[PDB]
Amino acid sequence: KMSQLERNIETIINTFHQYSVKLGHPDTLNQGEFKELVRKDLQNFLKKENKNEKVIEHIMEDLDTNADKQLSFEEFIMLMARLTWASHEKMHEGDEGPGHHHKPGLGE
């Protein structure tokens, strides 16, 4: 079984984990690993942000709630929620109606 939503969440978890498990604490990302995840797995959603390393660094500093220079999964999932939000907003940018329709989302 496993629902669409559960599969989706597993993807998020497994994508994080593949980077986090490599070095140091196995369930946190360091700055280079975060930059790598963003460069590879968010190459479309964060295309323009990827062009500026300082922007990406500021994004990480923002998510790093406990300020220990690492990203936990709890800190990271806020980024996922923000991009999901931004993609849906893009789907409705300049929406005039009537009824419900989605334009292309982020990275499209």
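Superpose the two forms; the largest set of C-alphas matching within 1.5 Å is the rigid core. Quick note: we count residues from 1 along the sequence shown, nothing fancier.
Put simply, when the other structures in 7 other deposited structures of this protein are lined up on the rigid core, the C-alpha atoms of 25-33 lie farther off than those of the other stretch, from 59-67 and 25-33.
Once the C-alpha B-factors are averaged per stretch, 79-87 and 53-61 rank with 53-61 first. For the pair 69-77 and 44-52, the mean B factor over Cα atoms is greater in 44-52. Among all modelled residues in this chain, the alpha-carbon of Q31 has a temperature factor (C-alpha) in the highest third.
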